[PDB]
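Residue-level structural notes
Chain by chain, the residues:
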Number of protein chains: 2
Amino acid sequence: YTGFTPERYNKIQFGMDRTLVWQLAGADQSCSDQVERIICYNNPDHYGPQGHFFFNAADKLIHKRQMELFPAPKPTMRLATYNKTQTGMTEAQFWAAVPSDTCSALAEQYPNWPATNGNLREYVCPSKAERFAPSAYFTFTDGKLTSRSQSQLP
Amino acid sequence: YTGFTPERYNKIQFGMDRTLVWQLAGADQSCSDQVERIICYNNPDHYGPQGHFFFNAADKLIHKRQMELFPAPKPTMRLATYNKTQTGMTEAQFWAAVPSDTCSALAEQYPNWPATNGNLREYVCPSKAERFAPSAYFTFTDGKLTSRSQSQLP
């Protein structure tokens, strides 16, 4: 598979039919449909950059994820910064504790689309640029931090 | 102004407060708050690549536009291609007539946020890879083609 780009990711919008997402992403040339999700690849390295898309029962888009398509520009995440986050904090509080440039916009979900309540907004904040590097993960539910975790961060 | 990027544009989400959009976009180093909208610039050219952001009465984001942040990857639009389109087309019908690779996702807007209907989704489809090339412009309203035009397509 090949050809799934940032530009195609930015064309894909919530509420789009599975068939429309598939076509805009590059269809058979770019994507694999695994029922639970579609995975669309930048290039033939399946460990490389990719987008994942998930749908509700009406086959409308409710969840976008991306890995390495929009990388954190300056990955420098450390415990000192992780320690400044807490359950319940707002997005504004979070971005005052953690620099935006150390985090990638991992996922955006509207499970109840076309309703926008219960929005899930996820970030991965890597310690360095290397694939599989220790990173912190954060999830916001309607703008409040509901999960924070890290594995082996320095 | 300088420094606005595709990665910052992809971090910015509907419903975000003006203050948060401003922060994530790069604030005064990259952006001008023109009251009616915020404009954020990749480079010191006021007509260089840029993102535009507009807000509702609650100061929450309802409208994103971009020029040259995610260009049409393969501009090929011709007059004959334009003539294949017709008002009332669905997005699927449109993309069977016009290749996605010749169109840029110019704007996305949810005027009724947090409701998601009345969605306006705009495309510009250039004939060549030059800034402000001869182009067609299209608007979909909740997935139906409601505006189409072109000037000087070959």
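To be clear, the structure that these remarks concern was listed above.
Below: a short report on this structure. (Residues numbered from 1 in each chain as written, not as in the entry; some residues may be left out. Chains lettered and ligands numbered in written order. Heavy atoms only, no water.)

**A few points about the overall build of chain A**
A tally of helices and strands in chain A yields five helices and eight strands. The secondary structure elements of chain A, listed N-terminal to C-terminal, are α-α-α-β-β-β-β-α-α-β-β-β-β. Computed over C-alpha atoms, the radius of gyration of chain A comes to 16 Å, within 12% of the 15 Å expected from 2.2 N^0.38 for 154 residues, which places it in the range of a compact globule. If one aligns the C-alpha atoms of chain A with their principal axes, the spans along those axes are about 45 × 35 × 20 Å. Out of the 154 residues belonging to chain A, those deemed buried represent 53%. About 6,900 Å² of surface is accessible on chain A, with carbon and sulfur atoms providing 52% of the total. Computed over 15 positive and 14 negative side-chain charges, the inter-centroid distance for chain A is 6 Å. (Helix = DSSP H or I, 4+ residues; strand = E, 2+ residues; numbered from the N terminus. Rg over C-alpha atoms; globule rule 2.2 N^0.38 Å. Buried < 20%, exposed > 50% of the residue type's maximum accessible area, 1.4 Å probe, protein only. Areas by Shrake-Rupley, 256 points an atom, 1.4 Å probe, with all protein chains shown as cover. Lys, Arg positive; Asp, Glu negative; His and termini not counted. Charge placed at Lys NZ, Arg CZ, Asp CG, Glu CD.)

**Considering the interface of chain B and chain A**
Facing 27 residues of chain B, the contacting portion of chain A comprises 27 residues. For the pair chain B and chain A, the summed buried surface comes to about 2,300 Å²; carbon and sulfur atoms form 55% of the total. Considering only the surface of chain B that becomes buried against chain A, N10, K11 and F70 of chain B emerge as the three largest contributors, covering 24% of it. Where chain B touches chain A, the interface holds one salt bridge. Here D101 of chain B makes a salt bridge to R8 of chain A, at a shortest N to O gap of 3.1 Å. The interface formed by chain B and chain A contains seven residue pairs in polar contact. When contributions to the side of chain B that touches chain A are tallied by element, the ones reaching two or more residues are α1 (6-11), α2 (18-25), α4 (91-97), β5 (104-109) and β6 (120-126) of chain B. Tallying contributions element by element places α1 of chain B first for the side of chain B that touches chain A, with five residues. Of the residues belonging to the side of chain B that touches chain A, the class tally is 16 nonpolar, five polar and six charged. (Contact = heavy atoms within 4.5 Å. Buried area = accessible area lost by both parts, 1.4 Å probe. Salt bridge = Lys/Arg side-chain N within 4 Å of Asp/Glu carboxyl O. Polar contact = N/O pair within 3.5 Å; in protein donor to acceptor, adjacent residues only side chain to side chain. Nonpolar A, V, L, I, M, F, W, Y, C, P; charged D, E, K, R; others polar.)

**Remarks on the pairing of strand β2 (residues 38-41) of chain B**
Residues and elements named next belong to chain B. Side chains of β2 alternate between two faces, with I38 and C40 and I39 and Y41 buried alike. Relative to β2, strand β1 (residues 31-33) runs antiparallel, the two being bridged by three bridges. Within β2, the position partnered with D33 by the bridge is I38. Hairpin geometry of β1 and β2 is characterised by an intervening segment of four residues between the two adjacent antiparallel strands and by a positive phi of about 80 degrees at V35. Note that β2 and strand β3 (residues 50-55) share four bridges and pair antiparallel. By the bridge assignment for β3, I39 is matched with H52. (Pairing = 2+ DSSP bridges.)

**Some details on the nonpolar core**
Membership of the largest hydrophobic core comes to 74 residues, with the highest contact counts inside it found for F53, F94, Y123 and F138 of chain A together with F53, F94 and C125 of chain B. Broken down by element, this core gets its largest block of residues, five residues, from helix α2 (residues 18-25) of chain A. Residues contacting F94 of chain B, with those up to four places away along its chain left out, are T85, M89, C103, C125, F138, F140 and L145 of chain B. (Core = buried A, V, L, I, M, F, W, Y, C linked by side-chain atoms within 4.5 Å.)

**Concerning the relation of the copies chain B and chain A**
Rotating chain B by 179 degrees about the axis while translating it 0.1 Å along that axis superimposes it on chain A, leaving an RMSD of 0.5 Å. Seen this way, the second copy is the image of the first under a two-fold rotation axis. Closest approach to the rotation axis within chain B is made by the C-alpha atom of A115 of chain B, at a distance of 3.2 Å. A share of 93% of interface residues in chain B that are also interface residues in chain A marks the association as one of identical surfaces. (Least-squares fit on C-alpha atoms.)

**Observations concerning the state of the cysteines**
One pass over the structure, following the stated rule, counts four disulfides over all chains. At a sulfur-sulfur separation of 2.1 Å, the disulfide partner of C103 of chain A is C125 of chain A. Taking the sign of the torsion about the S-S bond as the criterion, the disulfide between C103 of chain A and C125 of chain A, at about 100 degrees, is right-handed. One end of the pair, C103 of chain A, is in the loop between α5 (91-97) and β5 (104-109); the other, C125 of chain A, is in strand β6 (residues 120-126), and 22 residues separate them in sequence. On the accessibility criterion, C103 of chain A (0% relative accessible area) is buried. Overall, the relative accessible area of 0% leaves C125 of chain A in the buried class. Here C31 of chain B engages in a disulfide with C40 of chain B; their sulfurs sit 2.1 Å apart. Taking the sign of the S-S torsion, 105 degrees for the link of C31 of chain B and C40 of chain B, the bridge is right-handed. (Disulfide = S-S within 2.5 Å.)

**Thoughts on the sheet that holds β5 of chain B**
Residue and element names in this part refer to chain B. Pairing is antiparallel in the open sheet, where eight strands are placed in the order β1-β2-β3-β4-β5-β6-β7-β8. Lying at the two open borders of the sheet, with one neighbouring strand each, are β1 and β8 (144-150). If you compare each strand with its neighbour and ignore which way they point, the axes differ by 15 degrees on average. One ladder, built from seven bridges, connects β6 with strand β7 (residues 135-141); its direction is antiparallel. In the sheet register, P126 faces β7, and the bridge partner there is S135. Against the sheet, α2 contacts β1, β2, β3 and β4 (61-67), and its axis sits at roughly 155 degrees relative to β1. (Axes fitted to C-alpha atoms, helices over the stretch in contact; angles between N-to-C directions.)

It is worth stressing that arrangement in space is one thing and function is another; only the former is reported here.
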